[PDB]
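Here you get one chain, nothing else, as structure tokens; it is the form deposited in one PDB entry.
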């Protein structure tokens, strides 16, 4: 009669997104989807339809009893707990830390000075040892025998009008063991150093959703399922890792960007549009004269900074000759009347073919010029490479990107704002006023201006 419940639980979906807050309490029920206004942990792990003991989440790491598949016995999984009691991290080198953005995690063993035996005597560290031996071997079946590592970090909600600490967890994703190294920590109370296992783990990609649902955690606990039969509900990252090996880790590692990135198509105007044709006329006109293109880049950048609702003044153009990383410069004032701060804005302009794209080093050449409190801006006829936007966003470089469609729209504004001599004599206005004064002056001299 229990087979019906097992099947019922087996078929129904149980989804959880990475970074979500899960409810963790003593006792309670595993048959409840929601508890105290939050998603139940035990229900997500072991719904109870299988009639199996719950998966406990306690100090250090925790692993269920050995699950005997028809083929052979297998370790179900490993639930890992990290305790930042009240955002204690990271004042000290014990330093259990998660970077869920780039998909890297560093955790440490539960070994303590009170323990007499060598590291690995504790249940947790020994399970970490077995997992380490299983994550590194010759055969390809032992990796199927290797239990997955589920990351959980303590979190205080301060929600629903009631501030509470503990009793809540956070799923940081599934992890694989990249490294295991014996390190020596220090107990301040007794002033005594102790050996312990240090684990470097990598979080894999969760797919398009970035959140995973686990019907396969029951598969790992299923007594009637073979080791290679449990990968049915597994994410594509993990199974493709099983296929390829540890060489696929950089490709399967989870990647979260703070801001969205734009494809080449979206930045540019439509192909059949006359805006793109106008952009190509800009390409033809400013190919010979890069200096005009620079002056226009200054005008456009100005229009953008003023479109943001911020105060901007264009200082000048760095050089008309001698190349270098700076083409021109302006100033952004941050704040309101009688309350502001000066910001030096280094304007850069590069004219290139639409097919080719700007390389990250060319942008980083402008980024390197930037001192503290400065903002760069890059204006190009084409688009930006993926690695460029990656280096800008992930490393948090403050650069304003001006693509083809943006400058095209800006031009569309300016040409009807001032239509003297039609569209073309604005470009002529770029060449005629291209001299636009000059300066050997450092960027810091723009403040006094």
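In this text, rigid core is short for the largest set of C-alphas that superpose within 1.5 Å between two forms. Numbering follows the first chain given and starts at 1.
Beyond what is shown, the protein has a form deposited in another entry; the following relates to that form.
Subject >> From 342, 325, 195, 211, residue displaced between this form and the one not shown - CA threshold 2 Å or more, rigid core >> reply: Comparing both forms, the shifted residue turns out to be 211.
**OP:** For residue 184, state whether the C-alpha moves by 2 Å or more between this form and the one not shown after rigid core superposition.
**Re:** Moves: no, less than 2 Å.
Original post:
Does residue 420 move its CA by 2 angstroms or more between this form and the one not shown when the core is aligned?
Top reply: The answer is yes; the displacement is at least 2 Å.
Original post:
Once you line up the core, how about residue 51: does its CA shift reach 2 Å between this form and the one not shown?
Top reply: Stays below the 2 Å threshold, so no.
Original post:
With a C-alpha distance change of 3 Å or more, do residue 41 and residue 87 lie closer or farther in the other form?
Top reply: Their C-alpha distance grows by at least 3 Å in the other form.
Original post:
Given that the distance between the C-alpha atoms of residue 203 and residue 89 changes by 3 Å or more in the other form, do they end up closer or farther than here?
Top reply: So the answer is farther.
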